[PDB]
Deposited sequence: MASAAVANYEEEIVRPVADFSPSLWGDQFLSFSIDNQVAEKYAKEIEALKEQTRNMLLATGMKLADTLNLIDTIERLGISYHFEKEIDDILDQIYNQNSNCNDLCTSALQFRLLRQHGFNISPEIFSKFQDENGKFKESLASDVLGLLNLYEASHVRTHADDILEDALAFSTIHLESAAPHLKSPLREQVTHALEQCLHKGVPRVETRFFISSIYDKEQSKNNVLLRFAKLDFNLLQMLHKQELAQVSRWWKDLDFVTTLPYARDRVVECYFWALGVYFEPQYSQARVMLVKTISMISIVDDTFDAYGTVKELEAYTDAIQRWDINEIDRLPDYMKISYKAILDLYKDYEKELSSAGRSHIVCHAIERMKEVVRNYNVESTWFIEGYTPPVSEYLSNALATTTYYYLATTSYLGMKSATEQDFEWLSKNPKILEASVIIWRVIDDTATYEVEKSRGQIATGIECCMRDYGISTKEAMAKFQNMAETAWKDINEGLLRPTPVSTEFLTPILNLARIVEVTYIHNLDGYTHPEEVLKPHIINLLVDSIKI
């Protein structure tokens, strides 16, 4: 099905007059907000509420040091702000930042059984912050095992009679928790549907949030235009008609990985790769034959334009674009002297292709492997080790050691990959089946364990839940690499929720600005 979108993004000229206006006022609001953070004698609840709000407004990327030093101090002082609301929020904010605060802070809210006091069922703000906190738990937090089911049933009961915009904030949290949501997507919802309508809102912060979001959106629009032209200069809708034309969606994905302005070059490179590999996926799935695919897989392994002649004409266009894309990457990084790290992304792409081939081999043969074998292959075909490696290309700070760490398949990356795999398979267990795909994810699980379709999807969900707990542990200090390089992996898992349907998000993020 083609693109709802058209040439709607090919053209975009940033009215520099308006951009400079926004920037100038932002710089002022930025210092005002900074001073708010550096405020002396603030109660704990207030300081947490301030940090939470600046994060939800999507402007916390300006105060990384300030917010860190404040949470560090809160971590080390271990003061007991005894209410549920302040505790849960304190827990969440610290854990999201890597501080391993003990979960025994939730003991005072539980009876002799490790279960939450049913008497807290009437504290809505407390239930909400507990709910949000329940999604950042690791394997060592069994104390919170019932926190999610507890806060959920009561939030659902109380929701209908709450005042706005709290009613809306609660209904939305029950459909999408903050921790696992895409940053920009949650920021857009918070600013306009909640905070803007909040009676006690801080005008300086709302103004700041609206201006910043709109100004960065200008940058995203420029990037998407640049990328839309690049995509038309390839004429893949014309020279190679079988693939999906989802360059806007691919941009959304890159945008979900990181939205900050400093990751502009990074976002652009990443979109090109996501769009490129989407074609290779389309080739192996709905086009190429057993012989052609084998030639394609081999050509990719060699990685030399000379092998092009062994490939039929259509695959020649794909193959050349791919090699040229990586040549551009090498060229873009030539300046800093990081052109060289590009091979890491290439090695991951070859791996994706190998497993693509293996996947079609299993389909032809009618092979239903055991879950163990299925995953040893099906994990790379999610393309996540590949996109994750690609996301480091544009990050000027990425060193060789960061790529080295990533190539060893760290548990946090492994977890992110599993989430996409398991979610995709649960989502594609019935459709894929009628297209006669035999080595489906869940069938392998069904024939391997002796469980039904229901039990197999249920077991896959636990795999995803386990994976989230692993991602959360992966964030805890000391981190194997700087947090800057863990966030892209976390975001890749977030995008999964968000996707497993994109039109609304694209409109809210790339079409409509936030009306002031």
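Compare what was deposited with what's modelled and send me the C-alpha-less stretches, numbered from 1. According to the deposited record, C-alpha coordinates are absent for 1-20, 521-532, which together make up the missing parts.
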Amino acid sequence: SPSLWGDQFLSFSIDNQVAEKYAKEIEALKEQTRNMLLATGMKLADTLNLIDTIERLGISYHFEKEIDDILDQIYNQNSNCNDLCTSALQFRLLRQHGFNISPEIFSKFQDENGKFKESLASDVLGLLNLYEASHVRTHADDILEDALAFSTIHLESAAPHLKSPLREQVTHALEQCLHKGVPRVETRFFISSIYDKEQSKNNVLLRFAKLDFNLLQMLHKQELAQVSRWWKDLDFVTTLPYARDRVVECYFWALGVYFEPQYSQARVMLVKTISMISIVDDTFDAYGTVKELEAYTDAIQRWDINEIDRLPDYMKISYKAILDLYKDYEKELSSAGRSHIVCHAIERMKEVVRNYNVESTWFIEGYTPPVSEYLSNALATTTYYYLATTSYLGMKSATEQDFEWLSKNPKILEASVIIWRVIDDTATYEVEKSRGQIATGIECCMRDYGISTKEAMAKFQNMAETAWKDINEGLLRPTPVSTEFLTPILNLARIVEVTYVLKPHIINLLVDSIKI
From here on, numbers count along this sequence of modelled residues.
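Going by the B-factors listed in the PDB entry, is the mean over the C-alpha atoms higher for 54-62 or for 487-495? Per the PDB entry, the higher value belongs to 54-62.
Take the C-alpha B-factors listed in the entry for 203-211 and for 281-289, compute each mean, and give the stretch with the larger one. The entry gives the higher C-alpha B-factor average to 281-289.
Looking at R244, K180, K408, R267, which has the highest CA B-factor as recorded? Within the set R244, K180, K408, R267, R244 shows the top C-alpha B-factor.
Looking at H172, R92, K197, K433, which has the highest Cα B-factor in the entry? Comparing C-alpha B-factors across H172, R92, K197, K433, the top value belongs to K433.
Taking the C-alpha B-factors as the PDB entry records them, is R338 in the lowest, middle or highest third of its chain? Highest third, going by the recorded CA B-factors of the chain.
Entry-reported Cα temperature factor of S391, expressed as the chain third it lands in: Within its chain, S391 is a lowest-third residue by C-alpha B-factor, going by the deposited values.
Going by the recorded CA B-factors, say which third of the chain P165 sits in, lowest, middle or highest. It belongs to the lowest third of the chain when residues are ordered by C-alpha B-factor.
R310, C-alpha B-factor rank within chain (lowest, middle or highest third): Its C-alpha B-factor belongs to the highest third of this chain's values.
By its CA B factor, does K469 count among the lowest, middle or highest third of the modelled residues in the chain? Answer is lowest: the recorded C-alpha B-factor places it there.
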